[PDB]
Amino acid sequence: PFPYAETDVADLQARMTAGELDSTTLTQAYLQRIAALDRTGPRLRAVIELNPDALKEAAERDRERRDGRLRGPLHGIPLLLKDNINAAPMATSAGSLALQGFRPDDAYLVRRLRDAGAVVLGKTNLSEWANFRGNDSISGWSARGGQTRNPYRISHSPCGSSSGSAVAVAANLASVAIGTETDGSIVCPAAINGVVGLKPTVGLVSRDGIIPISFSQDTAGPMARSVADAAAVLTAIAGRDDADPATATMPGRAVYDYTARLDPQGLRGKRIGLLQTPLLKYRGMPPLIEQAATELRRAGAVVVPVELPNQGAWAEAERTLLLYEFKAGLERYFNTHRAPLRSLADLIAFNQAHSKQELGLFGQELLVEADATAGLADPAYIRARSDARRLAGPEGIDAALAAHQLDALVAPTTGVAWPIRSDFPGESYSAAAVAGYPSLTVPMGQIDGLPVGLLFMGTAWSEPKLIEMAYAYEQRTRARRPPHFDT
């Protein structure tokens, strides 16, 4: 039994601080487990590239500790980063063969994690280009990283686009991980793999140094086995960055310790709206969501059934804004970091030239459609961006919260994992993604051995409250169960 399995960040830190564990031991333990479960054995393929300097980093953190120069709660803690996040000296490929030799400098959030003392173990696989490449795509697949597998049943999907990060955390391949979300890419794979996933308000965490899709919806976020671990990571990565204008829009930003919000009485006096959608009747779901509602009520919260105004009405507008922002953002990123590719057209041409390795399972229709967009000055785009944001936020999530004076909206995150070699109606997480509002999924059980999560959504900047509520729910349920491997 892995000696660090299911061990929280605070506990690992306590052990190292007591001199019973050091970063190099913990780091090498994870690396050995990665070799045994990710590269061989069940071949989870959650890790696309190891950091050659992982041991060096861990050893330096230990020397600093012995010298009495601690950096904080994450000192010596090993973590993994989705492969669309820049982090030297590894490549940042977004899973594409086109960027296999592209090794840009650290993204802002990575600089923050390293300054906090975290050890970067490596990069995790993701649906190629964060699943914004083609139609009928396969979640968790990329040309460079292959197919990531769900550890609860390796024949099934890990979902995406933060596939490797969710799987790695669920399989105890690292303490915590960082993923990114445009629309469902953090909370969906987190729920599908039985872990906690938190997508913050757009602007809380800098997007600088991340291969993008949408500046309107994109955001990095923590993935962990517990809410406390996710809160510790958020505390380290949140912050204003001059390179990302969205971070300047945050009201009253301060050096906030989100772990202070880990209140076991966090649901007392709260009001929650249980979203009514067909997902509540998903096979095997009724008992789980009913039990969750009961736990929330017993914890002191009022739970009332509500419908999200404009549910899905933003679909068309969102599709439009993503196409326009993807071309603009990707080309800006290529230029800023001097990538070997200079345009979206170059990428499209590359995949065609390497069709055997890149276009064998599905195409690149989204890249093609995005390349044909006029630009950000197009009236149609401006209208779409405005409509999507309005429908999902002010007239969506906010309208529901105001109608019953609620603190949050909850619902099952999604259905269960499906066979890889083969969209669940009623999902609600798109509202938070499109509104740029915070969402957080917590394990709430399983159906036929496959994890199911409980989703929490709130208005902009409500992370402190969402964490309090999610933690309170988690502490009285402790529903997560680790995956069982054959050998």
# chains A, B, ... in the order shown; residues from 1 in each chain; ligands from 1
>>> select_by_dssp(residues="range 195-348 of chain A", states="alpha helix (DSSP H)", output="ChimeraX atom specification")
/A:227-237,285-298,315-336,344-348
>>> write_last_selection(atoms="C-alpha atoms", output="compact mmCIF listing (two decimals), in the first residue's frame")
# COMPACT_ATOMS: atom_id res chain seq x y z
CA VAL A 227 -11.06 20.31 -0.86
CA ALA A 228 -8.32 21.29 1.62
CA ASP A 229 -5.64 20.38 -0.93
CA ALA A 230 -7.43 22.34 -3.66
CA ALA A 231 -7.66 25.36 -1.34
CA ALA A 232 -3.93 25.20 -0.60
CA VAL A 233 -3.13 25.22 -4.31
CA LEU A 234 -5.55 28.08 -5.06
CA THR A 235 -3.90 30.13 -2.31
CA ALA A 236 -0.55 29.78 -4.08
CA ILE A 237 -1.64 30.43 -7.68
CA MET A 285 -28.29 9.05 -9.94
CA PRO A 286 -31.50 9.57 -7.91
CA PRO A 287 -30.20 7.84 -4.74
CA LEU A 288 -26.91 9.74 -4.85
CA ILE A 289 -28.27 13.23 -5.39
CA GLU A 290 -31.07 12.62 -2.86
CA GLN A 291 -28.51 11.58 -0.26
CA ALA A 292 -26.37 14.62 -1.09
CA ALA A 293 -29.33 16.96 -0.62
CA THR A 294 -30.07 15.33 2.73
CA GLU A 295 -26.45 15.72 3.85
CA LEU A 296 -26.53 19.41 2.87
CA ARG A 297 -29.73 19.94 4.86
CA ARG A 298 -28.46 18.05 7.91
CA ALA A 315 -24.65 27.55 -26.89
CA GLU A 316 -24.49 29.27 -30.30
CA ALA A 317 -22.91 32.47 -28.98
CA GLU A 318 -20.31 30.46 -27.08
CA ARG A 319 -19.37 28.44 -30.17
CA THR A 320 -18.84 31.71 -32.03
CA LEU A 321 -16.76 33.47 -29.39
CA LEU A 322 -14.52 30.43 -28.89
CA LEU A 323 -13.67 30.21 -32.60
CA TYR A 324 -12.73 33.89 -32.82
CA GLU A 325 -10.81 33.98 -29.55
CA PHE A 326 -8.96 30.74 -30.30
CA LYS A 327 -7.43 32.08 -33.51
CA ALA A 328 -6.55 35.44 -31.96
CA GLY A 329 -5.25 33.96 -28.72
CA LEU A 330 -3.30 31.07 -30.20
CA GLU A 331 -1.51 33.27 -32.71
CA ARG A 332 -0.71 35.82 -29.99
CA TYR A 333 0.67 33.00 -27.84
CA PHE A 334 2.80 31.63 -30.69
CA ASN A 335 4.28 35.10 -31.25
CA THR A 336 4.79 35.96 -27.58
CA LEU A 344 -3.11 28.66 -37.06
CA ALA A 345 -2.63 28.04 -40.79
CA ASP A 346 0.83 26.59 -40.03
CA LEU A 347 -0.72 24.19 -37.51
CA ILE A 348 -3.42 23.10 -39.96
>>> residues_around(residues="range 240-243 of chain A", least_positions_apart="5", cutoff="10 Å", atoms="only C-alpha atoms", output="list in words")
residues 108, 109, 203, 204, 205, 206, 207, 208, 209, 248, 249, 250, 253 and 254 of chain A
>>> write_last_selection(atoms="C-alpha atoms", output="CSV table (one decimal), in the first residue's frame")
chain,number,residue,atom,x,y,z
A,108,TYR,CA,3.1,33.0,-14.2
A,109,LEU,CA,1.3,30.5,-12.0
A,203,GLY,CA,-9.3,36.7,-13.5
A,204,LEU,CA,-8.4,35.1,-10.2
A,205,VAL,CA,-5.5,33.1,-11.6
A,206,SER,CA,-3.3,34.4,-14.4
A,207,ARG,CA,-3.6,32.8,-17.8
A,208,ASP,CA,-0.2,34.0,-18.9
A,209,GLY,CA,2.0,31.3,-20.3
A,248,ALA,CA,-6.9,43.5,-12.8
A,249,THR,CA,-10.7,43.2,-12.8
A,250,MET,CA,-10.9,41.5,-9.4
A,253,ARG,CA,-7.9,41.3,-4.1
A,254,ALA,CA,-5.7,40.5,-1.1
>>> atom_distance(atom1="CA of residue 95 in chain A", atom2="CA of residue 78 in chain A")
21.9 Å
>>> residues_around(residues="range 433-437 of chain A", least_positions_apart="3", cutoff="6 Å", atoms="only C-alpha atoms", output="VMD selection string")
chain A and resid 183 201 to 202 217 389 392 to 393 430 459 to 460
>>> write_last_selection(atoms="C-alpha atoms", output="PDB file, in the first residue's frame")
ATOM      1  CA  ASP A 183     -15.975  24.678 -20.708  1.00  0.00           C
ATOM      2  CA  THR A 201     -13.628  33.086 -11.538  1.00  0.00           C
ATOM      3  CA  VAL A 202     -11.910  34.230 -14.726  1.00  0.00           C
ATOM      4  CA  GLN A 217     -13.561  31.720 -20.376  1.00  0.00           C
ATOM      5  CA  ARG A 389     -21.677  36.298 -20.828  1.00  0.00           C
ATOM      6  CA  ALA A 392     -24.998  32.591 -18.411  1.00  0.00           C
ATOM      7  CA  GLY A 393     -24.133  35.108 -15.705  1.00  0.00           C
ATOM      8  CA  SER A 430     -21.347  25.212 -18.806  1.00  0.00           C
ATOM      9  CA  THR A 459     -21.349  34.152  -8.639  1.00  0.00           C
ATOM     10  CA  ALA A 460     -18.091  35.918  -9.496  1.00  0.00           C
TER      11      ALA A 460
END
>>> select_by_dssp(residues="range 264-363 of chain A", states="strand (DSSP E or B)", output="ChimeraX atom specification")
/A:271-275,302-306
>>> closest_residue(among="A:458, A:19, A:189, A:445", to="residue 394 in chain A", atoms="only C-alpha atoms")
A:458
>>> residues_around(residues="residue 267 in chain A", least_positions_apart="3", cutoff="6 Å", atoms="only C-alpha atoms", output="count of residues only")
5
>>> closest_residue(among="A:136, A:450, A:425, A:365", to="residue 352 in chain A", atoms="only C-alpha atoms")
A:365
>>> residues_around(residues="residue 423 in chain A", least_positions_apart="6", cutoff="12 Å", atoms="only C-alpha atoms", output="list in words")
residues 136, 139, 159, 184, 188, 279, 414, 415, 416 and 417 of chain A
>>> write_last_selection(atoms="N, CA and C atoms", output="mmCIF file, in the first residue's frame")
data_model
loop_
_atom_site.group_PDB
_atom_site.id
_atom_site.type_symbol
_atom_site.label_atom_id
_atom_site.label_comp_id
_atom_site.auth_asym_id
_atom_site.auth_seq_id
_atom_site.Cartn_x
_atom_site.Cartn_y
_atom_site.Cartn_z
ATOM 1 N N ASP A 136 -16.063 15.098 -33.183
ATOM 2 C CA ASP A 136 -16.000 13.692 -32.788
ATOM 3 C C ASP A 136 -14.644 13.327 -32.201
ATOM 4 N N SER A 139 -11.813 12.088 -25.946
ATOM 5 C CA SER A 139 -11.320 12.694 -24.714
ATOM 6 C C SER A 139 -10.087 11.985 -24.174
ATOM 7 N N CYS A 159 -12.323 11.423 -19.502
ATOM 8 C CA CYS A 159 -12.937 12.695 -19.890
ATOM 9 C C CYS A 159 -11.793 13.680 -20.198
ATOM 10 N N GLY A 184 -15.919 22.967 -19.002
ATOM 11 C CA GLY A 184 -15.974 21.626 -18.446
ATOM 12 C C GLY A 184 -14.654 20.896 -18.254
ATOM 13 N N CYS A 188 -15.371 18.344 -15.185
ATOM 14 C CA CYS A 188 -15.834 17.078 -15.739
ATOM 15 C C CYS A 188 -14.834 15.948 -15.493
ATOM 16 N N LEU A 279 -30.487 15.339 -15.802
ATOM 17 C CA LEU A 279 -29.351 14.647 -15.203
ATOM 18 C C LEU A 279 -29.706 14.050 -13.842
ATOM 19 N N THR A 414 -21.818 15.462 -13.841
ATOM 20 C CA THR A 414 -22.017 14.821 -15.132
ATOM 21 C C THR A 414 -22.375 13.360 -14.872
ATOM 22 N N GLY A 415 -22.374 12.542 -15.921
ATOM 23 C CA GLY A 415 -22.676 11.130 -15.756
ATOM 24 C C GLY A 415 -21.392 10.384 -15.443
ATOM 25 N N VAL A 416 -21.363 9.080 -15.699
ATOM 26 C CA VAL A 416 -20.162 8.299 -15.426
ATOM 27 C C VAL A 416 -19.335 8.060 -16.680
ATOM 28 N N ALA A 417 -18.105 7.604 -16.477
ATOM 29 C CA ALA A 417 -17.195 7.327 -17.578
ATOM 30 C C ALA A 417 -17.801 6.326 -18.559
#
>>> closest_atom_pairs(of="range 414-470 of chain A", to="range 479-482 of chain A", cutoff="9 Å", atoms="only C-alpha atoms", output="tab-separated table")
residue	atom	partner	partner_atom	distance
A:442	CA	A:480	CA	8.4
A:443	CA	A:480	CA	5.4
A:444	CA	A:479	CA	5.2
A:445	CA	A:479	CA	5.3
A:446	CA	A:479	CA	8.5
A:451	CA	A:480	CA	8.0
>>> residues_around(residues="residue 11 in chain A", least_positions_apart="3", cutoff="12 Å", atoms="only C-alpha atoms", output="ChimeraX atom specification")
/A:4-8,14-18,20-21,73-74,77,175,228-229,232
>>> write_last_selection(atoms="C-alpha atoms", output="PDB file, in the first residue's frame")
ATOM      1  CA  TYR A   4       1.350   8.473   0.807  1.00  0.00           C
ATOM      2  CA  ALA A   5      -1.938   7.399  -0.740  1.00  0.00           C
ATOM      3  CA  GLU A   6      -4.802   9.776   0.058  1.00  0.00           C
ATOM      4  CA  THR A   7      -2.521  11.916   2.237  1.00  0.00           C
ATOM      5  CA  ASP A   8      -3.419  15.620   2.312  1.00  0.00           C
ATOM      6  CA  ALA A  14       3.491  18.267   8.790  1.00  0.00           C
ATOM      7  CA  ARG A  15       5.497  15.079   8.233  1.00  0.00           C
ATOM      8  CA  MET A  16       8.325  16.927   6.486  1.00  0.00           C
ATOM      9  CA  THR A  17       8.280  19.659   9.133  1.00  0.00           C
ATOM     10  CA  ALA A  18       8.583  16.990  11.842  1.00  0.00           C
ATOM     11  CA  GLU A  20       9.851  12.183   9.324  1.00  0.00           C
ATOM     12  CA  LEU A  21       9.769  12.773   5.571  1.00  0.00           C
ATOM     13  CA  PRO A  73       2.533  25.399   3.027  1.00  0.00           C
ATOM     14  CA  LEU A  74       3.647  23.907  -0.298  1.00  0.00           C
ATOM     15  CA  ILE A  77       5.175  19.271  -2.288  1.00  0.00           C
ATOM     16  CA  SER A 175       0.130  15.320  -4.328  1.00  0.00           C
ATOM     17  CA  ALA A 228      -8.323  21.286   1.620  1.00  0.00           C
ATOM     18  CA  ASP A 229      -5.636  20.383  -0.930  1.00  0.00           C
ATOM     19  CA  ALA A 232      -3.933  25.198  -0.605  1.00  0.00           C
TER      20      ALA A 232
END
>>> atom_distance(atom1="CA of residue 89 in chain A", atom2="CA of residue 111 in chain A")
12.8 Å
>>> residues_around(residues="residue 61 in chain A", least_positions_apart="6", cutoff="7 Å", atoms="only C-alpha atoms", output="list in words")
residues 23, 75, 76 and 117 of chain A
>>> write_last_selection(atoms="N, CA and C atoms", output="PDB file, in the first residue's frame")
ATOM      1  N   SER A  23      11.353  15.965   0.926  1.00  0.00           N
ATOM      2  CA  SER A  23      10.864  16.111  -0.433  1.00  0.00           C
ATOM      3  C   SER A  23      11.432  15.096  -1.417  1.00  0.00           C
ATOM      4  N   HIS A  75       5.942  23.950   0.525  1.00  0.00           N
ATOM      5  CA  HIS A  75       7.374  23.676   0.458  1.00  0.00           C
ATOM      6  C   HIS A  75       7.673  22.182   0.346  1.00  0.00           C
ATOM      7  N   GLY A  76       8.251  21.786  -0.785  1.00  0.00           N
ATOM      8  CA  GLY A  76       8.598  20.390  -1.002  1.00  0.00           C
ATOM      9  C   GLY A  76       7.493  19.488  -1.530  1.00  0.00           C
ATOM     10  N   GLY A 117       7.652  26.895  -3.216  1.00  0.00           N
ATOM     11  CA  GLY A 117       8.368  25.685  -2.840  1.00  0.00           C
ATOM     12  C   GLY A 117       7.882  24.377  -3.430  1.00  0.00           C
TER      13      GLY A 117
END
>>> atom_distance(atom1="CA of residue 452 in chain A", atom2="CA of residue 191 in chain A")
5.6 Å
>>> closest_residue(among="A:467, A:143, A:380, A:174", to="residue 30 in chain A", atoms="only C-alpha atoms")
A:174
>>> decode(residues="range 222-272 of chain A", atoms="N, CA and C atoms", output="tab-separated table (two decimals), in the first residue's frame")
chain	number	residue	atom	x	y	z
A	222	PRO	N	-7.01	24.20	-9.57
A	222	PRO	CA	-6.48	23.02	-8.89
A	222	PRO	C	-7.32	21.76	-9.03
A	223	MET	N	-6.64	20.62	-8.98
A	223	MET	CA	-7.27	19.31	-9.03
A	223	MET	C	-6.57	18.57	-7.89
A	224	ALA	N	-7.37	18.01	-6.99
A	224	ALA	CA	-6.84	17.35	-5.81
A	224	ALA	C	-7.82	16.32	-5.29
A	225	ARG	N	-7.36	15.49	-4.36
A	225	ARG	CA	-8.23	14.47	-3.80
A	225	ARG	C	-9.15	15.03	-2.72
A	226	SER	N	-8.80	16.20	-2.20
A	226	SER	CA	-9.60	16.83	-1.14
A	226	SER	C	-9.76	18.32	-1.36
A	227	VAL	N	-10.80	18.89	-0.76
A	227	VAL	CA	-11.06	20.31	-0.86
A	227	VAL	C	-9.93	21.10	-0.19
A	228	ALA	N	-9.41	20.60	0.93
A	228	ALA	CA	-8.32	21.29	1.62
A	228	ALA	C	-7.10	21.42	0.72
A	229	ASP	N	-6.78	20.35	-0.02
A	229	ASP	CA	-5.64	20.38	-0.93
A	229	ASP	C	-5.88	21.39	-2.05
A	230	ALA	N	-7.10	21.41	-2.59
A	230	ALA	CA	-7.43	22.34	-3.66
A	230	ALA	C	-7.30	23.78	-3.16
A	231	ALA	N	-7.73	24.02	-1.93
A	231	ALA	CA	-7.66	25.36	-1.34
A	231	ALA	C	-6.22	25.80	-1.16
A	232	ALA	N	-5.34	24.87	-0.78
A	232	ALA	CA	-3.93	25.20	-0.60
A	232	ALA	C	-3.32	25.62	-1.94
A	233	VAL	N	-3.66	24.89	-3.00
A	233	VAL	CA	-3.13	25.22	-4.31
A	233	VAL	C	-3.66	26.57	-4.80
A	234	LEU	N	-4.96	26.81	-4.62
A	234	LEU	CA	-5.55	28.08	-5.06
A	234	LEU	C	-4.86	29.25	-4.36
A	235	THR	N	-4.56	29.08	-3.08
A	235	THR	CA	-3.90	30.13	-2.31
A	235	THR	C	-2.56	30.51	-2.94
A	236	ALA	N	-1.85	29.53	-3.47
A	236	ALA	CA	-0.55	29.78	-4.08
A	236	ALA	C	-0.60	30.35	-5.50
A	237	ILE	N	-1.58	29.95	-6.30
A	237	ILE	CA	-1.64	30.43	-7.68
A	237	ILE	C	-2.45	31.70	-7.94
A	238	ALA	N	-3.35	32.06	-7.02
A	238	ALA	CA	-4.14	33.26	-7.22
A	238	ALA	C	-3.27	34.50	-7.11
A	239	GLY	N	-3.52	35.49	-7.96
A	239	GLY	CA	-2.74	36.71	-7.90
A	239	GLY	C	-2.80	37.55	-9.16
A	240	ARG	N	-2.60	38.85	-9.00
A	240	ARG	CA	-2.62	39.78	-10.12
A	240	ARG	C	-1.34	39.66	-10.95
A	241	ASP	N	-1.50	39.72	-12.26
A	241	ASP	CA	-0.38	39.62	-13.20
A	241	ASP	C	-0.59	40.66	-14.29
A	242	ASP	N	0.36	41.59	-14.43
A	242	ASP	CA	0.25	42.63	-15.45
A	242	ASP	C	0.07	42.08	-16.86
A	243	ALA	N	0.55	40.87	-17.11
A	243	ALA	CA	0.44	40.26	-18.43
A	243	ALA	C	-0.96	39.73	-18.75
A	244	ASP	N	-1.82	39.67	-17.74
A	244	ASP	CA	-3.19	39.18	-17.93
A	244	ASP	C	-4.18	40.20	-17.37
A	245	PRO	N	-4.72	41.07	-18.24
A	245	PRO	CA	-5.68	42.11	-17.86
A	245	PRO	C	-6.89	41.65	-17.05
A	246	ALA	N	-7.30	40.40	-17.24
A	246	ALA	CA	-8.45	39.89	-16.51
A	246	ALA	C	-8.19	39.89	-15.01
A	247	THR	N	-6.93	39.74	-14.61
A	247	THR	CA	-6.60	39.71	-13.19
A	247	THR	C	-6.73	41.08	-12.52
A	248	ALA	N	-6.81	42.13	-13.33
A	248	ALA	CA	-6.94	43.49	-12.80
A	248	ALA	C	-8.40	43.83	-12.53
A	249	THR	N	-9.31	42.96	-12.95
A	249	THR	CA	-10.74	43.19	-12.77
A	249	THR	C	-11.28	42.68	-11.44
A	250	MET	N	-10.43	42.01	-10.66
A	250	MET	CA	-10.87	41.48	-9.38
A	250	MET	C	-11.03	42.56	-8.32
A	251	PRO	N	-12.21	42.61	-7.68
A	251	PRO	CA	-12.48	43.61	-6.63
A	251	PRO	C	-11.85	43.22	-5.30
A	252	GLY	N	-11.17	44.18	-4.68
A	252	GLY	CA	-10.54	43.95	-3.39
A	252	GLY	C	-9.70	42.69	-3.27
A	253	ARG	N	-8.76	42.49	-4.19
A	253	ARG	CA	-7.90	41.32	-4.12
A	253	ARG	C	-6.92	41.52	-2.97
A	254	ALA	N	-6.64	40.44	-2.25
A	254	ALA	CA	-5.71	40.51	-1.13
A	254	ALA	C	-4.99	39.18	-0.99
A	255	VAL	N	-3.95	39.16	-0.16
A	255	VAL	CA	-3.21	37.93	0.08
A	255	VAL	C	-4.15	37.07	0.91
A	256	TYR	N	-5.02	36.34	0.22
A	256	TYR	CA	-6.03	35.52	0.88
A	256	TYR	C	-5.67	34.05	1.05
A	257	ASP	N	-5.81	33.56	2.28
A	257	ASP	CA	-5.54	32.17	2.60
A	257	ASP	C	-6.86	31.41	2.51
A	258	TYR	N	-7.07	30.71	1.40
A	258	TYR	CA	-8.31	29.97	1.23
A	258	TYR	C	-8.47	28.80	2.20
A	259	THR	N	-7.37	28.36	2.82
A	259	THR	CA	-7.48	27.26	3.78
A	259	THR	C	-8.19	27.73	5.05
A	260	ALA	N	-8.30	29.04	5.23
A	260	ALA	CA	-8.99	29.59	6.39
A	260	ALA	C	-10.50	29.36	6.23
A	261	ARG	N	-10.92	29.06	5.00
A	261	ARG	CA	-12.33	28.82	4.71
A	261	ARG	C	-12.73	27.35	4.84
A	262	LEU	N	-11.81	26.52	5.31
A	262	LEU	CA	-12.10	25.10	5.51
A	262	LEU	C	-12.84	24.98	6.84
A	263	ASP	N	-14.10	25.41	6.81
A	263	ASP	CA	-14.97	25.42	7.98
A	263	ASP	C	-15.96	24.25	7.96
A	264	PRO	N	-15.85	23.32	8.93
A	264	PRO	CA	-16.76	22.18	8.98
A	264	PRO	C	-18.23	22.57	9.21
A	265	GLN	N	-18.45	23.82	9.61
A	265	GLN	CA	-19.80	24.33	9.83
A	265	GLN	C	-20.14	25.29	8.69
A	266	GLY	N	-19.41	25.15	7.59
A	266	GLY	CA	-19.59	26.00	6.43
A	266	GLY	C	-20.94	26.02	5.72
A	267	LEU	N	-21.80	25.05	6.02
A	267	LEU	CA	-23.12	25.01	5.39
A	267	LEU	C	-24.21	25.61	6.27
A	268	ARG	N	-23.87	25.91	7.52
A	268	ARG	CA	-24.83	26.49	8.45
A	268	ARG	C	-25.37	27.83	7.97
A	269	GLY	N	-26.69	27.92	7.85
A	269	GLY	CA	-27.31	29.15	7.41
A	269	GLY	C	-27.27	29.41	5.92
A	270	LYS	N	-26.61	28.54	5.17
A	270	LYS	CA	-26.51	28.72	3.73
A	270	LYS	C	-27.80	28.31	3.03
A	271	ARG	N	-28.00	28.84	1.83
A	271	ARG	CA	-29.17	28.53	1.02
A	271	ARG	C	-28.65	28.03	-0.32
A	272	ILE	N	-29.11	26.84	-0.70
A	272	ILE	CA	-28.66	26.20	-1.93
A	272	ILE	C	-29.80	25.84	-2.87
